[PDB]
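Protein chains: 4
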Amino acid sequence: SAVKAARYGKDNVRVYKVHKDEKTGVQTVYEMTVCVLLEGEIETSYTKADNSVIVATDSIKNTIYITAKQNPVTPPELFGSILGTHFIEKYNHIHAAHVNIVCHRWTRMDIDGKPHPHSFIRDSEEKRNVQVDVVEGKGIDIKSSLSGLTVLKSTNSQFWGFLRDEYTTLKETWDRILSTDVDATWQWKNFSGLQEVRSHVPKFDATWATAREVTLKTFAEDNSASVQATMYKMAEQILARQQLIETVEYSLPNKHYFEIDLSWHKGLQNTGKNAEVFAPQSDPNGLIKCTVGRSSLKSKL
Amino acid sequence: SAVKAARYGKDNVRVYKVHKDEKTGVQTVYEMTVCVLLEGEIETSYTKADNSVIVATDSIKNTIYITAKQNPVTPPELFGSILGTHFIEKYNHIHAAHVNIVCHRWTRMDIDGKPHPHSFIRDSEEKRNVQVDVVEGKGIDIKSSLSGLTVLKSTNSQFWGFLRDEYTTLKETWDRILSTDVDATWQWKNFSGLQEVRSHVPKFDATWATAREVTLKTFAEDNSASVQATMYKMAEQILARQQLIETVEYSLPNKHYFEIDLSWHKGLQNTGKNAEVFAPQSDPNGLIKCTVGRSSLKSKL
Amino acid sequence: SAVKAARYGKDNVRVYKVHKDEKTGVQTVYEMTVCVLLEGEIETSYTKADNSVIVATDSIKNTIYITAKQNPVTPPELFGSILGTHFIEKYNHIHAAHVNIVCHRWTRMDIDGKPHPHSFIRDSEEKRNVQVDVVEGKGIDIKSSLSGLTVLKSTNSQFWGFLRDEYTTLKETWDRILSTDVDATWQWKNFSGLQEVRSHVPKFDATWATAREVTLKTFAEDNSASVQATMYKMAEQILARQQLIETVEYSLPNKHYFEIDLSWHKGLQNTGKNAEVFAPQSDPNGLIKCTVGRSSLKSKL
Amino acid sequence: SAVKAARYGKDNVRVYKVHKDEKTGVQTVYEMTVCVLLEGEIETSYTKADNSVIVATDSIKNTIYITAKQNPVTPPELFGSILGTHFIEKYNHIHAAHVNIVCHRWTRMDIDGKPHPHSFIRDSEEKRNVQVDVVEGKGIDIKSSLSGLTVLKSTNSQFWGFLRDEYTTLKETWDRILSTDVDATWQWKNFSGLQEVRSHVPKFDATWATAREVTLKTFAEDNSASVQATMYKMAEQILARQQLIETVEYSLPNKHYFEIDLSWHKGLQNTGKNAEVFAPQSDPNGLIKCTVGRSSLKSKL
Ligand SMILES: O=c1[nH]c(=O)c2[nH]c(=O)[nH]c2[nH]1
Ligand SMILES: O=c1[nH]c(=O)c2[nH]c(=O)[nH]c2[nH]1
Ligand SMILES: O=c1[nH]c(=O)c2[nH]c(=O)[nH]c2[nH]1
Ligand SMILES: O=c1[nH]c(=O)c2[nH]c(=O)[nH]c2[nH]1
């Protein structure tokens, strides 16, 4: 037997950081959950009880907090890159660091129409995430995402013209509810190292903002032929607006809202044009995925 | 043996309703989860296998949807009162209906600075709830609440002067983080029936808005001596602003954020005035409760 | 305004304890989650920022661990009674202690047919719980329970003869699935204090075992007329087997499994006697409750 | 822009099946949650609003239930293979089917020491899973797993000899608690199609049983040098016992239980040899992974 793959580290490391402007009194907070998993010449910890090669997971935890003390934690793409780079630079025998960060929302409160200097609300469980893979000799691979963005539109969604055979019972519709939880990921061009990441720092917040804006506006405005067709439009727009992205991925549940036929009760009409009351379905759900990149086809387009 | 208490019905009934203004095109959505439990002369279903006294839970479910089709679902205090009243009026042998409603947020999207006519975002997992107990011969008892309102302030919270004995290790502090999930409940004066509830309908949304506003502003502005002292101020203000409330209850976790001493590492200073990076604690948590009403003491105040 | 009710303390205190028999090598583990909330002359912490009356929640936490170090943690009824008694005895101004304990399962592993001396499996998320209310001058009120005991029977459940009117669509059935999550609570006679609790210590584990045994055997063997009828039989049996119990409460969801008509596809027969494949329903669910005590009726029985 | 990857289908499809032996009266139940995602010539549903290429997710759902009606649902490796094969055979333009199955435990109750013919208990939230990828022209790739197997040992775990530098605070230990949630995956040799899967059917249940047995016995008996060293022993044993497995993967959290120094209180000794009461830590947690295969090194072993 032999070790074909191995990584290890610390998961679920909750981290808060505050910035205090002593001049203005304005405080700003950041909260995340961090995972760091390391790879390298560690196989003998598994095969030979050789712990000398293990940077303790507790030490990885300490290092996350120290790194947060000594560096900005925003944008998370930068913080993850700094953190991952540290492990491959500090430890000769560690050759990859895999850093996942979930950023939690703390949005400044407005009180009597004025932004409060030190009070915040969790205005959504929507997350902003990164996955930063720092691989010695192969640079820094970053996937950025937003997730848990839950939306619904009450009309201007359709679904007809799908394949019909002996397994099909679904009625075509020209007017339905569409609701989903948006998970959208943009994959950056490979960066050669931390310097290149730093050189693009403003692009991280800007591209997250673009992705969120495009998602919301396209969802709201597209008279949707299908989840497939709508999500493709989102992805193509995001690619058009940031050339340093290589791909955009969406993963979207179709969270079904079923009509309720009430005509058995006093002839009540609650279907089609008269549909007002619906039954949200917890499960099952459609699940629709795609990864969109830029075309290289020059014939048969 | 004998039945000392019994209630039964349907829980976790998910309900959506849409309102469509055909003139303007503006659609408005409502989503809730409903529980209805009935009491009455039902003991023989338990003791004698006498199902004749059971209004099937499936029928209770049907009735929830029918009631939502035939009535407004807002404010939830009204919808719950209509629904509960139905069961005690329709069925001679049913003498109480207990209606719990959780209202889910669907906030209209703004797209390019304009409110969208039919697209919505779950802008928070904060809920607005009601508990409506319709008891034949004893009117309608309503508790209204907001829950899952998660907030944090980064300073202007203190905790000192608490009891110190041989069980005490906690250091006094004059500057800490305070974070909580607000569960706030206001208990209405007993209503004699559905007519009286209807007579007060505008007060329901108004008092929910007041409770939320007072909660947020007091949290943000109180230089807090303790969770106890801050929550009391919230409750007293809400009581002062709605005379048809009898009590206000708060239940508040103290979701601790611990300082991290890093002085063992290169003399890094991250405590007291230099505290920037903190460890959010998932558990344990303080839990602080009180119910505030109006005073009737005339001496020894 | 005035404080009508108040309690405060520490929730979600995770506690593990090990017992080691040094002679035999056998180790035994206990794990729980504890909440302690105190009441007393504490109103001025809310009204006057008077923290002198507050036993810090952190100190309550310390006290939970110290109490676990100095006392058995089993049965939980005893541990909770010791813990609650401590607070009302130690602090003159504290007049009630409310102790909730959730006990987590760590069942000893059998390895090659022999019980292992120090290895355990979480063999179920079923819990054993207590709620111990220690009230100065009014003794110790204990509710014991089992919860999260999830069961299913594939036949020998029926539901017919229920009320049928214009709200009813449910078909009568003489053969259905019944599945539930059992929450069963037995309420003890008031105890005068810790001595009386100690005097009954063996009864706690014995009555929990009885409740669990009766629940399982009655569920398995009753050709059930309804959830109502089956749960009543459980409760009456438990009352008959422990005279120091005053009431038994059950709260049971009816976790529905729906037949799936497949006759639209190649005439497949999957209903009634030919029903093999079912759709488990996550929501909604029936919810059936009752509290059973001993009868005092001497006429009209 | 162009579609680089796409798959879509139905997730969270809950399925129950009963088998009834009419001779003996013994009934046996199976419950799972199923996801099926399809790939193929479907890009135009995304790019051109061409729904003709979409087998509706609702139809995929219907097909899951029909397949369960017409075939055994056990072992899940077989059921998933049948289900995935159906989609690539039925639809010319569908070229892959990805079938994930989570199997839920329904263990037959013993009542008065005898197995009950139709009553079951959810004896653990441990799952048995499969991931079956049916790819036209490339056969059937199966990963089998067990997950959510939660275990603890109270001694015979150690962790010393790890790297120590300026980031290290963790004390070496020669006696600690070890607790984890076991996620173990065995990856089968590629199968050429459904016939080859059928030819190995008995191996599926047998290898799951082996994996579970090896996991439990190794956990219980290994005087563990680290999570790394223990998990490697598990994997190598499983590989040795089934030649049709290519790799075994473990993913194991180290769910920490911290000692509690109580020496500040009355000199109580609760560390080292006197450690009895511990604080289970919800987060953070170590996370340790490896994939083990068979060696092909012939020099420098
Ligand atoms: O937008 C949709 N896409 C699908 O692939 C699908 N399948 C289905 O049942 N409903 C829908 N809706
Ligand atoms: O505001 C607080 N109230 C308490 O009762 C308490 N107890 C504690 O440990 N911290 C705090 N903080
Ligand atoms: O056992 C049951 N009790 C009910 O009260 C009820 N109501 C219902 O719809 N199904 C059932 N089943
Ligand atoms: O078994 C362990 N492996 C590690 O890699 C590690 N790191 C750590 O902090 N504790 C442990 N324990």
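As they're listed, the protein sequences go chains A, B, C and D. As numbered in full-length UniProt numbering, residues 2 to 302 make up the first sequence, in order. As numbered in full-length UniProt numbering, residues 2 to 302 make up the second sequence, in order. As numbered in full-length UniProt numbering, residues 2 to 302 make up the third sequence, in order. As numbered in full-length UniProt numbering, residues 2 to 302 make up the fourth sequence, in order. Note that CB positions come from ideal geometry on N, CA and C, so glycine has one too.
Subject >> Three-state secondary structure (DSSP) of residue 273 of chain A >> reply: Within the first sequence, numbered from 1, the residue matching residue 273 of chain A stands at position 272. Reduced to three states, the DSSP call for residue 273 of chain A is helix.
Original post:
When burial is assigned at 16 or more other CB atoms within 10 Å of the CB, is residue 244 of chain D buried or exposed?
Top reply: Locating residue 244 of chain D in the fourth sequence gives position 243, where the first residue counts as 1. Answer is exposed; the Cβ neighbour count stays below 16.
Subject >> At least three beta-carbon pairs within less than 8 Å, the region 226–234 of chain B to the region 104–122 of chain B >> reply: no
Original post:
Taking just the CA atoms, how far does residue 89 of chain D sit from residue 281 of chain A?
Top reply: Looking up residue 281 of chain A in the first sequence gives position 280. Looking up residue 89 of chain D in the fourth sequence gives position 88. If you take the alpha carbons of residue 281 of chain A and residue 89 of chain D, they lie about 32 Å apart.
Original post:
Taking 8 Å as the CB-CB cut-off, is residue 217 of chain D touching chain C?
Top reply: Against the fourth sequence, residue 217 of chain D aligns to sequence position 216. So yes, residue 217 of chain D belongs to the interface.
**OP:** May I ask you to list, following chain order, the residues of the region 106–140 of chain D that have a beta carbon less than 8 Å from some beta carbon of chain C?
**Re:** 107, 110, 112, 113, 117, 119, 120, 121, 122, 123, 124, 125, 126
**OP:** In angstroms with no decimal places, state the Cα-to-Cα distance between residue 78 of chain C and residue 246 of chain C.
**Re:** As a first step, residue 78 of chain C is located in the third sequence; it is residue number 77 there, counting from the start. As a first step, residue 246 of chain C is located in the third sequence; it is residue number 245 there, counting from the start. When rounded, the distance between both Cα atoms is 13 Å.
Subject >> C-alpha distance - residue 21 of chain A paired with residue 269 of chain D, whole-angstrom precision >> reply: For this step, residue 21 of chain A is matched to residue 20 along the first sequence. For this step, residue 269 of chain D is matched to residue 268 along the fourth sequence. So the two alpha carbons sit approximately 41 Å from each other.
Original post:
Ends of the beta strand (DSSP E) at residue 251 of chain A?
Top reply: Mapped onto the first sequence, residue 251 of chain A falls at position 250. Residue 251 of chain A -> beta strand (DSSP E) spans 246–255.
**OP:** Using a Cβ cut-off of 8 Å (strictly closer), state whether residue 284 of chain A contacts chain C.
**Re:** The residue you call residue 284 of chain A lines up with position 283 of the first sequence. It does: the Cβ of residue 284 of chain A has a partner Cβ on chain C nearer than 8 Å.
Original post:
Under the three-state reduction of DSSP, which class applies to residue 165 of chain A: helix, strand or coil?
Top reply: To locate residue 165 of chain A, count along the first sequence from 1; it is residue 164. Here residue 165 of chain A sits in coil by DSSP.
Original post:
Can you tell me the Cα-Cα spacing of residue 13 of chain C and residue 36 of chain C, whole angstroms?
Top reply: Along the third sequence, one-based indexing puts residue 13 of chain C at 12. Along the third sequence, one-based indexing puts residue 36 of chain C at 35. Going from the Cα of residue 13 of chain C to the Cα of residue 36 of chain C covers about 6 Å.
Subject >> Other residues of its chain near residue 226 of chain B: CB distance less than 7 Å, five sequence neighbours each side excluded >> reply: Numbered from 1 along the second sequence, position 225 holds the residue referred to as residue 226 of chain B. Within the same chain, residue 226 of chain B has close Cβ partners 159.
**OP:** May I ask which residues mark the beginning and end of the beta strand (DSSP E) holding residue 129 of chain C?
**Re:** Your numbering for residue 129 of chain C matches position 128 in the third sequence. Start and end: 128–136.
Original post:
Any heavy atom of ligand 2 closer than 7 Å to the CB of residue 255 of chain B?
Top reply: One-based indexing of the second sequence puts residue 255 of chain B at position 254. Under cutoff, so the answer is yes.
Subject >> Buried/exposed call for residue 253 of chain A, threshold 16 Cβ in 10 Å >> reply: Position 252 of the first sequence holds residue 253 of chain A. Counting Cβ neighbours within 10 Å, residue 253 of chain A comes out buried, since at least 16 surround it.
**OP:** Please say whether residue 58 of chain A and residue 255 of chain D have beta carbons closer to each other than 8 Å?
**Re:** Numbered from 1 along the fourth sequence, position 254 holds the residue referred to as residue 255 of chain D. Numbered from 1 along the first sequence, position 57 holds the residue referred to as residue 58 of chain A. Cβ atoms of residue 255 of chain D and residue 58 of chain A: closer than 8 Å.
Original post:
Using 8 Å as the limit for Cβ to Cβ distance, is residue 266 of chain C near chain A?
Top reply: On the third sequence, position 265 is the one that residue 266 of chain C refers to. Yes - at least one Cβ of chain A is within 8 Å of the one on residue 266 of chain C.
**OP:** Select from D/207, D/60, D/143 the residue whose C-alpha is nearest the C-alpha of residue 197 of chain D.
**Re:** The sequence position of residue 197 of chain D within the fourth sequence is 196, counting from 1. Among D/207, D/60, D/143, the Cα nearest to that of residue 197 of chain D belongs to D/143.
**OP:** Scan the region 170–244 of chain A and note each continuous beta strand (DSSP E) run of 3 residues or more that stays entirely inside, going in chain order.
**Re:** 179–189
Subject >> Proximity test, Cβ basis, 8 Å: residue 254 of chain B and chain C >> reply: Translated into positions along the second sequence, residue 254 of chain B becomes position 253. It does; some Cβ of chain C falls within 8 Å.
**OP:** Counting only the same chain and skipping the five closest in sequence on each side, list residues whose C-beta sits under 6 Å from that of residue 208 of chain A.
**Re:** In the first sequence, the residue the question calls residue 208 of chain A occupies position 207. Cβ within range, chain order: 243.
**OP:** Taking only heavy atoms of ligand 4 into account, decide whether any of them is closer than 7 Å to the Cβ of residue 59 of chain A.
**Re:** Within the first sequence, numbered from 1, the residue matching residue 59 of chain A stands at position 58. Result yes, Cβ under 7 Å from ligand 4.
**OP:** Determine the direct distance from the alpha carbon of residue 238 of chain B to that of residue 276 of chain A, and round the result to whole angstroms.
**Re:** One-based indexing of the first sequence puts residue 276 of chain A at position 275. One-based indexing of the second sequence puts residue 238 of chain B at position 237. Straight-line Cα distance between these residues: approximately 42 Å.
Original post:
Residues of chain D with a CB under 8 Å from the CB of residue 278 of chain C: which are they?
Top reply: Within the third sequence, numbered from 1, the residue matching residue 278 of chain C stands at position 277. The answer, in chain order, is 16, 17, 18, 66, 69, 70.
**OP:** Using only the heavy atoms of ligand 5, determine whether one of them is closer than 7 Å to the beta carbon of residue 139 of chain D.
**Re:** Questions concerning ligand 5 fall outside what the structure shown contains, since the ligands it does hold are ligand 1, ligand 2, ligand 3 and ligand 4.
Original post:
What does residue 170 of chain D reach in chain B if we use C-beta pairs closer than 7 Å?
Top reply: By 1-based counting over the fourth sequence, the position of residue 170 of chain D is 169. Within 7 Å Cβ-Cβ: 265.
**OP:** Compile a chain-ordered list of the residues in the region 153–182 of chain A whose CB is closer than 8 Å to at least one CB of chain C.
**Re:** 167, 168, 170
Subject >> CB of residue 151 of chain C within 8 Å of CB of residue 176 of chain C, strictly >> reply: For this step, residue 151 of chain C is matched to residue 150 along the third sequence. For this step, residue 176 of chain C is matched to residue 175 along the third sequence. No, Cβ-Cβ distance for residue 151 of chain C and residue 176 of chain C is not below 8 Å.
Original post:
Does DSSP put residue 1 of chain A in a helix, in a strand, or in coil?
Top reply: In the structure as shown, chain A starts at 2 and stops at 302, and residue 1 of chain A therefore has no counterpart that could be examined.
Original post:
Can you find a C-beta in chain B that's less than 8 Å from the C-beta of residue 291 of chain C?
Top reply: The residue you call residue 291 of chain C lines up with position 290 of the third sequence. It does: the Cβ of residue 291 of chain C has a partner Cβ on chain B nearer than 8 Å.
Original post:
Does ligand 4 have a heavy atom nearer than 7 Å to the CB of residue 171 of chain D?
Top reply: If you number the fourth sequence from 1, residue 171 of chain D lands on position 170. True, at least one ligand heavy atom lies under 7 Å from that Cβ.
Original post:
Residues bridged to residue 66 of chain D by DSSP?
Top reply: Sequence index remark: in the fourth sequence, residue 66 of chain D carries index 65 (1-based). DSSP output for residue 66 of chain D lists no bridge partner at all.
Original post:
Are the CB atoms of residue 69 of chain A and residue 85 of chain A nearer to each other than 8 Å?
Top reply: Looking up residue 69 of chain A in the first sequence gives position 68. Looking up residue 85 of chain A in the first sequence gives position 84. In this structure, residue 85 of chain A does not lie closer than 8 Å to residue 69 of chain A by Cβ.
Subject >> Proximity test, Cβ basis, 8 Å: residue 238 of chain C and chain D >> reply: In the third sequence, the residue the question calls residue 238 of chain C occupies position 237. False, the Cβ-Cβ gap to chain D never drops below 8 Å.
Subject >> Exposure label - residue 117 of chain B; buried when at least 16 CB within 10 Å >> reply: Residue numbering aside, residue 117 of chain B sits at position 116 when the second sequence is read from its first letter. So residue 117 of chain B counts as buried.
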